[PDB]
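Asks: Experimental coordinates follow, after the sequence.
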Amino acid sequence: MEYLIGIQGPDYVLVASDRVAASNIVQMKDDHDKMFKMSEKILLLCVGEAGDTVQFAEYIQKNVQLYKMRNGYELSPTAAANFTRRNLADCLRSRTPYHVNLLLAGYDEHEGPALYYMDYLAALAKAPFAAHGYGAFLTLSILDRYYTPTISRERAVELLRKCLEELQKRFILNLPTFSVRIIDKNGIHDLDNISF
Amino acid sequence: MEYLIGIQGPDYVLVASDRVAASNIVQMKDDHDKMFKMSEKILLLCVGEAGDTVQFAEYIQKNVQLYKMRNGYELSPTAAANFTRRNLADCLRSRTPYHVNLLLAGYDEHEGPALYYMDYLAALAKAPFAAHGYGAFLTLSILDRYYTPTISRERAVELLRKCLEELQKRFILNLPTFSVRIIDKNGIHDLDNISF
Amino acid sequence: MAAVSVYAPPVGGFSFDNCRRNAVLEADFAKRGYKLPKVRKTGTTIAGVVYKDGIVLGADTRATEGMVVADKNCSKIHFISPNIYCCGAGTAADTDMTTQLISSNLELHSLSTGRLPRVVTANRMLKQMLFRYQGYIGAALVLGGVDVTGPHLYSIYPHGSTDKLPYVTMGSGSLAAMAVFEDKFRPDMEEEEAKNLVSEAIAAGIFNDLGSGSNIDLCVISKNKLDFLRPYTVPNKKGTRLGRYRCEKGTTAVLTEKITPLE
Amino acid sequence: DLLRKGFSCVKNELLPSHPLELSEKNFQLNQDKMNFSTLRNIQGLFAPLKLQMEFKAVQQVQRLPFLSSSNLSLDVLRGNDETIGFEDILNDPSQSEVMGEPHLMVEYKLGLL
Amino acid sequence: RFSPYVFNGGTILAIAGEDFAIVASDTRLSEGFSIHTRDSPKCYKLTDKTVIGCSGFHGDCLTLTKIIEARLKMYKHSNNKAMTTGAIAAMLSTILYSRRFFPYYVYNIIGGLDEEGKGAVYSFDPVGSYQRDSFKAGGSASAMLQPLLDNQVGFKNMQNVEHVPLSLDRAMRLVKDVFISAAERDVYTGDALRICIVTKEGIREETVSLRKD
Amino acid sequence: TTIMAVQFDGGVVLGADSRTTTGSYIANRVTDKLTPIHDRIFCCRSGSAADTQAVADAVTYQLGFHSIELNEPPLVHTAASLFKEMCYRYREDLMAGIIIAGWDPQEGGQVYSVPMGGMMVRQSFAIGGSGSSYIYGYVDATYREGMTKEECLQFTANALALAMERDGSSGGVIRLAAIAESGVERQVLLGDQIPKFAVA
Amino acid sequence: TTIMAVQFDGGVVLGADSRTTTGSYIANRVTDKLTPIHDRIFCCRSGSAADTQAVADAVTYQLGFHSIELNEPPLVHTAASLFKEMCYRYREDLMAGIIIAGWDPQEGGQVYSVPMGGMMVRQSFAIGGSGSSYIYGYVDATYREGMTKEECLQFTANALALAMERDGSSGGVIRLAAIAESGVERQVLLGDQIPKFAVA
Amino acid sequence: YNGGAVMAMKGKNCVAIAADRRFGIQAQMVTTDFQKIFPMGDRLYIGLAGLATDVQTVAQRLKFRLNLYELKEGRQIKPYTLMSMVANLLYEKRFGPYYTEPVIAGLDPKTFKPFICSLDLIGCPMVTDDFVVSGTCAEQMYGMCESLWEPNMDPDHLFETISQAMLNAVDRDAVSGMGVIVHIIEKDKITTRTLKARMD
Amino acid sequence: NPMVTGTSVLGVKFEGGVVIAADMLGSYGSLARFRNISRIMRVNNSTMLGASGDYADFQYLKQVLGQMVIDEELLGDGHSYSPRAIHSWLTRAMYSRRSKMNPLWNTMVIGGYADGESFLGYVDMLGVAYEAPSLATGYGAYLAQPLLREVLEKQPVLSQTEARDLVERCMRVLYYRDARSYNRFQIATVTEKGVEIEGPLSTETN
Amino acid sequence: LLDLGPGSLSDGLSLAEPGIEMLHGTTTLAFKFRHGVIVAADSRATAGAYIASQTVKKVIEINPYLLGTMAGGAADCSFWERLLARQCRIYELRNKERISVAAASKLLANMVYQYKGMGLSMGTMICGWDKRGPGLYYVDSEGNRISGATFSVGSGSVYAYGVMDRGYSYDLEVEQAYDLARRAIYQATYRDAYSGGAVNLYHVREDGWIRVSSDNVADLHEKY
């Protein structure tokens, strides 16, 4: 499969995803931006089975934008997470949900940074850090090891680099590049792709 | 899975295999010498399902050595290939064969270099070049493209490097290193590992 | 904000939707998992007789989740109407909701009519409901009561079929209960005799079955009296505790404590 | 080929969720057909025509679809004013719990969309 | 078409003190939703210092207890001494594993005295992974019994409590009370309680009553 | 379950056992399998109890309503057709085999034999249910034409006794009903009254 | 397939149909289902043809050898036991139901009724095969004690006719055999001679 | 799958509700702060146990109905009524069950009488006088509470008892634990404590 | 898989011996095919036997179990298979047959009176063997065992007449409430004198 | 007599829920730095969702030259290393020299290769200090036999791979390697649900293994 990771620090959220979009023993594209911009301060990492990920993410993105334009203010990250959970839970019935594993990462001017984990059953849970895909198993221990509630941005990015390097060392799949963005008081910030 | 490749030139045989031995989403070892030395001039690349590969290769290696010591001369590469085929075919019955995909590469002082392809059904076939594993699909076209019956050693090794680079580019699995040996009039020659 | 998506939820009544989640969440089955709760089997030995001038119903009071005794005093004699009662075996929730809805229907009927409802009416309502639901509502009921037309006793099976008998038994311990009746039953018993017979019949289903056993309930319905004897007999008592476990104060360690004064 | 409404498709669904999905969801129409066949066969075509003819004009004016409705006169036209079932207690339309934009729901009732 | 196995139920429990080794079991033999009998004890006496208690499929319980007795007699004949507790446990592990591909659907707990006279309890599995424990419970009700034993014997999760050594009287009180509790919630447990007290002076048996329902 | 009916001169004689098995256990052993559709028309129920009971109730509804509308006793063929419709439209969802039989002023005693599936066919005598296989030969060998009421009753009792002694899903007491112009004369053959045939 | 045997006073009368179906097509319609095990001992074969034929041949082998060794006619019970052994050891691999019946000097006419499974039980009359279900009741109702040879033959013919008219795996011609002390007197009832019972 | 475990305990005008804190996918602990005890009143909590995707849905399906109830009637809900609408909400999806088994514990607002209950996934009111349990660790809590429970326990002893029941029951189940939360509801105040549990 | 089965065997201890009973019928499915077979053996002069389930396997046991009794009585030493010994041997035979996935489809009830102490043993197809004052097989275990245990818990020691009457009442209950039953059953009683089988006994009910 | 259980049925030379069970094994670990091999494992063994025991010694004590490791299935391992220890001792008796780790791993692999796909769930990991240096092999049920510097197997093997890989170094001094193994196993039992109990720690130094410590994860949680 693929890989997502999120780290929440004092007043920011660091997230990273692979760029590989495979279809079979072959990979079809290596610049896959797996990261959907819900609003000016919310990012929605979506992974899962082909087709459903993009459709569900597009639906939620259009709804967050629609709410923003209908009201003037913007959905708070907790509001976006809960609304996405409500939307994904209700589809665990007819349109065989969508097996979309989500990782919503956002910042609020009022509540501080927030990172929400979501399995394909729509089981929402706030967490200081999380990960999806088979790669999560290899990196979660390293995240547990060197993570403290108080982490400067540079320490967080080098921790992410540590996780990705070890994932390169062990994980059987070939994930050569990872798109990284940070979310803080000033919008969303792209960071230099971690490449090998 | 894993990857084997063999190239036969005028008077040599070039072979290369990965060094990754995976057990699950994790790889357990990255120096896996997948290459069994049948005799002074015969190499037996064995891949397939775990357990059966090593056992079958050990059986055949011990038999080639036993023949050599019982007689004084050594099995010719065609003899080793046919004997291995006879052994693998007869086990397509009781001990559920062994799903061992083979690639026997050898040199004879009399007959010139020889490369034999073998699926897990024991279907022997001499070929100027071959490959096993899911990686064979990606590299066989490139082999067809720049291969001529007359290839110097340096051209052959750079062709192999081309195949491996493109396999790195496309193949979803992570195969970072490949052990390379050449077989010519003077025994078996180790070549520098192709690493990325 | 009344979001534009589903036209509306204009019709409640038994979802499906949300069933394919059930179908493909093998979890419990294959993929380890298996927390995945299952339902119940409450109602395990229920019996009824028709003595001289009324009905005597009986039932144990054990409710088993799986093979663990969940409740030890689960009442299984439900109220249908001031002269009609109904024991309940089979799946627990189905029997509960079915009996409650039939009680509501029946006493709406009796309210608009202005006279005491007949048992046969409740028998028909239950029969037609269960048949409508094709038996997926597993609810085995023993219907009993006394109208102007004398005592009546019905036994409703989950699939819709009903049997009118002078004595019926249902539940996991139905067979063990039926033994007592087939050997000791006579027509035209007096009140005390019928109560003793039913007590033995339920007692057979208590000691001789695993799915059953607790206090014994009775419901004596006559032409004019309705005794809801609960619990009629306490055959089994907790074995007296010998040790004095008696968790002391300060025995447990507390990381964080929050206190909120309410009033 | 659109969305912003849950991509109204359900094509993957097709097959019912249960032998008790469509039948239990639409037992109202099923009972209507049961009684009409009982009346076409024995009473006449006039009686089913009367029932259709009335049931038309009990629903035309009750309330706009985006609001809850009781539908009184319909209930005492069918026996439902003293027979109450599982469709009355489970997820009542009063607390419909899911609504769309009023206008958009009152148009389709007539069928603009 | 033929289930070679059936679950007859039954609960066992062992406690290893300093001078004793309690082995106790209910005596109700069940099948599906029926009580075959109420007086089928599930503790068997092997040696003057070792007592086994089996639970699960009753047919394998009978076969295994007879094989074990035969093997003790063969050991006594060849080696000219009664087996120790540890030797019996190792034998039982080997015997259980010999049917790895047709397992003995039995749960076994060995309770007795080791070579130095201190108590010892060995807990097994249907294919013979044994280990020494200070206490154990197996069978249908094992899930109900084990946490309470962890609390009261091993003093788990309690703070600032004196670790008194477990006395024989308190051990009897504890076993009787835990089976009184278990008989309440587990349907497979009740109708009696055979308790074997393995001490240096032999094996004495106490039997009390549970809920009969 | 060995319901049976024979048409004699001027009326019909029904017949049924009383045994409702739910496997190998006898859930009910005095079942009345002769449900009266109308005043002089009867049905016999075989198969799943719930389906036959619901079908009989629906048919008695429709037939009572029809009889009121026509202001006449219904023809037996009318009840047979009403059973045929319900048993045929829902042939997949039902497991009912019915032996509709009765009397009407026009055609006299009639016996229709709607099987599992929706057929409707007239018979001089009709049998059904699980145990009927063990008395096909007996009824073929013994039935004659022009039998009176009494020997028809004896024939029915004999056939039912033969079936109940052999089939496990059939036993108990024999419920009979002799429908004629005057009215039904029900009886129950119990214990000693059941004909017994000397086992070797 | 409705093989049948009855013990009368002083001997036994067999009986069988002749119809070997391979589905709904009649592979053979004059099959002789009365294989002579010995001079005065017979078997009747029901079930899969191959299994019964092989079992009968094996039994006639063993029984001829045994009779030679004992220098006496074999007891019918001996042949019954020989059938029981083969039908019981290979009960899983066989689908044979045999009606061994014959006569011997000691015990007179005997009828043993080894079913599918390996039982061996004596009967005053034994029937088997697919069509026997439709004549259980008839034979229960009509069998008496002390019947002569002739009325035994008539009883057998009637029962077989009743079965063949009803069962599809049973029909054709009726092969009879009246074993007695003197010897077997075989006959075939064909066409008109088969008793006919007036259909309504 | 996700795991989970909750209980309730009655006492002398005080009740105690507890829950574990593991939110994991089938082996994999993800967070240790999953909420399973939801405030539905001043002295009325509900504890869910089951699928995390349905703990989060039923607790919001039910807050919606509860708020509507409170606004429409203007009174804090009695615990028994809250018990009765959980049955309705769950039984609504009778064939589509919400995989969760709530436990309700609280005090009567006007009487301060302890109340506890437990419901299966389709909704069956089970009011007990001592305790209720739910979740994966079903047997372990039953065994612990049947032994440590006492009647008329003052709140601190109640807290000790429920704390020990949690700590010793979740420790013997792999997919539940990672800390324990305990709420002691009194006639005056609410105490929420987090206990020291093994984090393995 | 069985083809011809027997329904139920009852047996209750009493002061001086053991009485067991079993009806005479073999069901070929839902059909009462054979109506005069006997399902009660007299093993030796102290032990009888009854059995339910496949009847061919019961006949095989009659062949085998009978044969060992002769094989020992010819020796003429005087030791005889005590009732407990037959019960153990049968248990072992059926456990061995189960372990080879070729079970003897039966559930016997061995009863015997030796050395002044009665005996009642149960063995099923899976080798589940035990002892109890009252036994029942098939739906006997649901319809007759409850009455037997109810009567025994009040009075634990029964006389001959009360035990025989109790068995008769249980047989009436089985005949009423068991599909695969017949109204002709056999009662076998063992005392110090020896095995005694009365039959056939009907059930003249009201 | 039919079959008549002959005697002790069948038990001779065993050496080469309904019953279906054998407890479990999980989260083992070993690497091979310069001062020898060290082996770490937890002590927990589950049965479905129910812990059967919290004190399961998963580091088999094959002989005072060489260690094993339990994982995947407790009885299958325990029995097969026990028989392997028997074979190693017989070899040492005959040839009068301790058997090398390479030989023992091949013995175990060949022994387990038969029964291929017959249901074994072995996950062993042989360790020792043979004549050639440190020894470390991963012999499992399907026939893998691979040497290597670092390994870890069990349900919580992946977490150990993570922490161990980022902590590992071949020139790691002893007391730091102890802490590394402690941390790796503790993190693995922190995330995984099937791993718990006490973290056993063995050091395979020069001739003779030694036991380092057995700390409980409850106390380690406070320690970290």
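Replies: Sure, I can see it. Residues are numbered from 1 along each chain as shown, chains lettered A, B, ... in the order given.

Asks: Can you get me a residue count around residue A:153?
Replies: Applying other CB atoms under 10 Å in any protein chain shown, we find 16 residues neighbouring residue A:153. Where C-beta positions appear, they are placed from N, C-alpha and C, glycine not excepted.

Asks: Could you give the number of residues near the nearest residue to it once chain neighbours are set aside?
Replies: Once flanking residues are discounted, residue A:153 sits nearest to residue A:12: 6.3 Å by CB to CB, 6 or more residues apart in numbering or on different chains. Neighbours of residue A:12 under the rule other CB under 10 Å: 20.

Asks: before we move on, what about the one 4 residues further on?
Replies: For residue A:16, the tally of surrounding residues (other CB under 10 Å) stands at 26.

Asks: sec struct for it, please.
Replies: In three-state terms, and counting by DSSP: H, G, I helix; E, B strand; the rest coil, residue A:16 is strand.

Asks: Can you name the residues that contact it?
Replies: If a contact means CB atoms under 8 Å, 6 or more residues apart in numbering or on different chains, then residue A:16 has A:4-6, A:160, A:164, A:178-180, A:194 as its contacts.

Asks: go on, residue I:104?
Replies: Taking CB under 8 Å, 6+ apart as the contact definition, residue I:104 lies against I:54, I:57, I:60-61, I:93-94, I:97, I:125, J:2.

Asks: what's the offset of the helix ranked longest in chain C from the middle of its chain?
Replies: What stands out as the longest helix in chain C, according to DSSP state H, is helix C:92-113. In terms of CA atoms, centre = their mean, to the nearest Å, the centre of helix C:92-113 is found 14 Å from the chain centre.

Asks: The next helix or strand after that helix close to chain H?
Replies: Downstream of helix C:92-113, the next assigned helix or strand under DSSP states H and E is helix C:119-132. No. Against chain H, helix C:119-132 shows no contacts by CB under 8 Å from any CB of the partner chain, the least distance being 13.3 Å.

Asks: got the angle for the longest helix of chain C vs helix C:119-132?
Replies: 130 degrees (axes from the mean of the first three to the mean of the last three CA atoms, to 10 degrees).

Asks: Could I get the buried residue list for helix C:92-113?
Replies: Neighbour-count burial for helix C:92-113 flags C:92-99, C:101-103, C:105-107, C:109-110 (criterion: 16 or more other CB atoms under 10 Å in any protein chain shown).

Asks: What helices and strands are in contact with that helix?
Replies: Counting contacts by 3 or more CB pairs under 8 Å, 6 or more residues apart in numbering or on different chains; DSSP states H and E, helix C:92-113 is packed against strand C:41-42, strand C:77-81, strand C:84-90, helix C:119-132, strand C:139-147, helix H:79-92.

Asks: any idea of the angle the second one forms with helix C:119-132?
Replies: It refers to strand C:77-81. Here strand C:77-81 runs at an angle of 110 degrees relative to helix C:119-132 (the same axes, to 10 degrees).

Asks: The third one now?
Replies: Comparing the axes of strand C:84-90 and helix C:119-132 via the same axes, to 10 degrees yields an angle of 30 degrees.

Asks: now do the fifth one
Replies: Note on geometry: by the same axes, to 10 degrees, strand C:139-147 and helix C:119-132 are set 160 degrees apart in direction.

Asks: what are the pairing partners of strand C:139-147, and which direction each?
Replies: If you go by DSSP bridges, strand C:139-147 pairs up with strand C:84-90 (antiparallel), strand C:150-156 (antiparallel).

Asks: ranking those by burial, who's on top?
Replies: Highest mean neighbour count among the strands paired with strand C:139-147 (mean count of other CB atoms under 10 Å in any protein chain shown): strand C:84-90, with a mean of 27.

Asks: Quick check: the residue of chain A found nearest chain E vs residue A:127, distance?
Replies: For chain A and chain E, the shortest gap (CB to the nearest CB) falls at residue A:144, measuring 24.2 Å. Taking CB to CB, to the nearest Å as the measure, residue A:144 falls 12 Å from residue A:127.

Asks: Report the beta-bridge partners for the residue positioned nearest the centre of chain H.
Replies: For chain H, the residue nearest the mean C-alpha position is residue H:47 (2.8 Å; CA atoms, centre = their mean). When bridges are called by DSSP bridges, residue H:47 pairs up with residue H:37, residue H:103.

Asks: That one against residue H:5, yeah?
Replies: No. Using CB atoms under 8 Å, residue H:47 is not in contact with residue H:5; the gap is 9.4 Å.

Asks: between these two, what contacts are shared?
Replies: H:19, H:134.

Asks: can you pull out the strands in chain I?
Replies: For chain I, the strands defined by DSSP state E cover I:9-14, I:17-23, I:26-27, I:32-34, I:40-44, I:47-53, I:106-114, I:117-123, I:130-131, I:134-136, I:185-190, I:195-201.
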